[PDB]
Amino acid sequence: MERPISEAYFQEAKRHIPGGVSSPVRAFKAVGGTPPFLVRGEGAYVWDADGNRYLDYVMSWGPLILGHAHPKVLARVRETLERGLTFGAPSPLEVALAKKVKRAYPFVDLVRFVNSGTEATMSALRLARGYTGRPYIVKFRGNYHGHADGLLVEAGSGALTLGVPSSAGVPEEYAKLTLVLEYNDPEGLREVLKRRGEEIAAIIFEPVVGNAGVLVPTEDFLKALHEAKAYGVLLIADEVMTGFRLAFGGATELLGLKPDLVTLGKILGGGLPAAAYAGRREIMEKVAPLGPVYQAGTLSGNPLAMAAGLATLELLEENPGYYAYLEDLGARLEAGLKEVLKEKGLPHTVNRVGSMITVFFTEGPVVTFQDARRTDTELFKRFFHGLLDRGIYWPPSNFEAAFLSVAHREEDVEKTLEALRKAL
C-alpha cells in the first residue's frame, strides 16, 4: 500500500512536534514504519491522507463504540456549537450528562467532570487521600490511569512495594507513596493489606485491563480487591475504557463491582475530550466548593463534549441490544483468530471481554502483566503490518486492546480473518 502523502506529513510533523505526534504510541515505534495520517472516518472505516481505506480496530482508542461520525451524535454537536463553543459557567447540558452517568452507575450520587482521564484519576486519588487522611495508594503493574507523576512508576527489584520512577523528571519523593502490586495476584494484595491496609487511602485498577493488552480479573482477585474495603481503603474502579462499553454500567455492572469511586471518560464524551470521577455523596462532598479537596478545570464540561456524550449515552441506554451484538461479533472474531493462528502454528493467547480484544503471541494463559510481557513483539510486528498493508488498522502495539464498534459487521470480521490467512 502506498502512502507518500502521509510520509511527507510525518517528516514535516517531526520538525514541529516531538516525534511528530501528540501521544507516543501514535509514532509507530513499537511496530516500525510511518503512521498513516487519518483525515476521515465513517462507521467502522477510516481514510488516510492518501485516500487509503481501512477497517478500523483502533476506533480512537475507545470512545467510538457507536462507530465514526454517528449521524445522531454529530447532529447534537452541530446544534450545540451554534450557540457558542464555551461559557465557563454552569450549563443545562452538564446536569443532563451527570444524570445519565447516575443512571448507568446507581451507587453514584455526585459526578465531577474534567477534561481527561489523567485529570480524573489524579483527582480521584487526591479525593481518596483527603477522605481517608491516608498517604498511600496502590496501583497494579500493566495498568495505566494517566500520567500524573505519582503514577509514572514501576515495581522496584527489592522487597519494598514502593514504586520507583519509570519516567525521567519524576522525583523519588513523588513515587514513594505509590505501592506497585501485580495484577491478578490476590495473595500479594491480601498480604499488603495485612502489612499496612490501614494506611492505604485507595486501590485504583482497570476492571478489565486494556493498557497492557486485555487482562481479565479472576474471581479471587476481585474478591481480594473488595476485601480491602474492610480496612477502610477506598476502591477506585478506573472505567475510562470499560465504562459504557462492557455494558451500559461498564465493568461495574458486568462484574457486579462495588467501588467507592469510579473514573470515566472516552465514550463519556462521545468522541470529544471529557472525563469524570464520581461516587457517593459522603466522599464526593469533600471536593471543592463543598470540601477541602481542591480540583478545578476552567474549560471542563465543554458544551460540545457534553452534547456528544449525552447523545451517545442516550443511544446506548435506548439500545441494550447493542451490547449483545458486540458480544456475538466479538465471540466470532476471537474464535476466528484462534482458528487462523492455530492453522499457522503460531503461539498465541487471545483475551477478550465484550468488544475489547488482544492477541498475545505467547502460549497461554495471560493473566498477569508478567505473562503479558512474554508476548513476541517481533511476531506482533508481522501481524500488525500484514493487516495494515491489507487495509486493516489494528492498534500499533501488542500492549493494547483492539475495539469493536456497533458499526462493525460480520463481513468485516471475515475480511480480517482472510487478510490474516494471506498475510501470515
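For every residue, the number given is its place in the sequence shown, counted from 1.
S.K.: Could you check the entry and say whether 345-353 or 81-89 has the higher mean CA B-factor?
M.R.: Result of the comparison: 345-353.
S.K.: Going by the mean C-alpha B-factor recorded in the entry, which is higher: 257-265 or 324-332?
M.R.: Stretch with the higher mean C-alpha B-factor: 324-332.
S.K.: Could you say which of 230, 304, 310, 293 has its CA atom at the highest B factor, as listed in the PDB entry?
M.R.: Within the set 230, 304, 310, 293, 230 shows the top C-alpha B-factor.
S.K.: Just say lowest, middle or highest third for the CA B-factor of residue 190 relative to the other modelled residues in its chain.
M.R.: Highest third.
S.K.: Within this chain, which third does the Cα B-factor at residue 300 fall in: lowest, middle or highest?
M.R.: Highest third - that is where residue 300 ends up once the chain's C-alpha B-factors are sorted.
S.K.: What third of its chain, lowest, middle or highest, does the C-alpha temperature factor of residue 379 fall into?
M.R.: For residue 379, the deposited C-alpha B-factor lands in the highest third.
S.K.: In terms of the chain's CA B-factor thirds, is residue 211 lowest, middle or highest?
M.R.: For residue 211, the deposited C-alpha B-factor lands in the highest third.
S.K.: Taking the chain's C-alpha temperature factors as the reference, tell me which third residue 53 falls into: lowest, middle or highest.
M.R.: Its C-alpha B-factor, which the entry lists for residue 53, ranks in the middle third among residues of this chain.
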